[PDB]
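Report on the structure given below.
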Amino acid sequence: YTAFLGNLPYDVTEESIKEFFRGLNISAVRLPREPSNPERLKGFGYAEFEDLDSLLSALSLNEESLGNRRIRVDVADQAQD
């Protein structure tokens, strides 16, 4: 499945979601942020997730109000859906 978020207050994606996102492993994480060195905080990410475990957290974990930015998490298709 694919989980994309509204806006990340600092915990965005890529390693962060892979671990913070939830209980299950996510196949991939695409965040407009570059952690290779920059370490940016924006709002808009996508991850391939089992959702299952993620779905539970993704439903609540997400949309949290952080400072002035909330990251929404929703399940978006999977391979071919």
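So basically every Cβ, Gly included, is an ideal-geometry build from the backbone, and we count neighbours across all protein chains shown. Every read-out reported here was derived from the displayed coordinates using simple, explicitly stated rules and does not represent laboratory data.
When the range 39-58 is examined, which residues are found to be of a type in the set (A, V, I, L, M) and under 20 Å from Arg70 (Cβ atoms)? If you could, list the steps in order and put the result at the bottom.
Going residue by residue through the range 39-58, those that are of a type in the set (A, V, I, L, M) are 41, 47, 52, 55-56, 58.
Correct list: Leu41, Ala47, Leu55, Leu56, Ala58.
Which of the residues belonging to the range 7-38 are surrounded by fewer than 16 Cβ atoms within 10 Å (Cβ to Cβ) and either within 22 Å of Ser65 (Cβ to Cβ) or in contact (Cβ under 8 Å) with a residue 60 or more places away in the chain (or both)?
Those that are surrounded by fewer than 16 Cβ atoms within 10 Å (Cβ to Cβ) and either within 22 Å of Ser65 (Cβ to Cβ) or in contact (Cβ under 8 Å) with a residue 60 or more places away in the chain (or both): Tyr10, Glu19, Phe20, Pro32.
Please pick out the residue among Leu8, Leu31 that is touching an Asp or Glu at 6+ places or on another chain (Cβ under 9 Å) and of a type in the set (A, V, I, L, M, F, W, C).
On the way: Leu8 fails: touching an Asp or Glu at 6+ places or on another chain (Cβ under 9 Å).
Step by step, each of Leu8, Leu31 is checked, and only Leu31 is touching an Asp or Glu at 6+ places or on another chain (Cβ under 9 Å) and of a type in the set (A, V, I, L, M, F, W, C).
If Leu41 satisfies every condition in (1) free of Cβ contacts under 8 Å to residues at least 60 places away in the same chain; (2) over 16 Å from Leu31 (Cα atoms) but one, which is the exception?
(2)
Somewhere in the range 38-52, is a residue out of contact with any strand residue (DSSP E or B) (no Cβ under 9 Å at 6 or more places or on another chain) and of a type in the set (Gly, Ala, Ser)? Steps first, please.
Initial filter on the range 38-52 (out of contact with any strand residue (DSSP E or B) (no Cβ under 9 Å at 6 or more places or on another chain)): 38-40, 52.
Within this subset, residues satisfying the condition of being of a type in the set (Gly, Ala, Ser) are none.
No, the conditions are met nowhere in the range 38-52.
Quick check on my filter: what residues within the range 47-58 are more than 17 Å from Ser16 (Cβ to Cβ) and either touching a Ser or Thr at 6+ places or on another chain (Cβ under 7 Å) or loosely packed, with under 15 Cβ neighbours inside 10 Å (or both)?
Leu52, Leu56
Which condition number does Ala79 fail, the rest of (1) surrounded by fewer than 16 Cβ atoms within 10 Å (Cβ to Cβ); (2) touching a residue at least 40 places away in the same chain (Cβ under 8 Å); (3) on the phi > 0 side of the Ramachandran plot being met?
(2)
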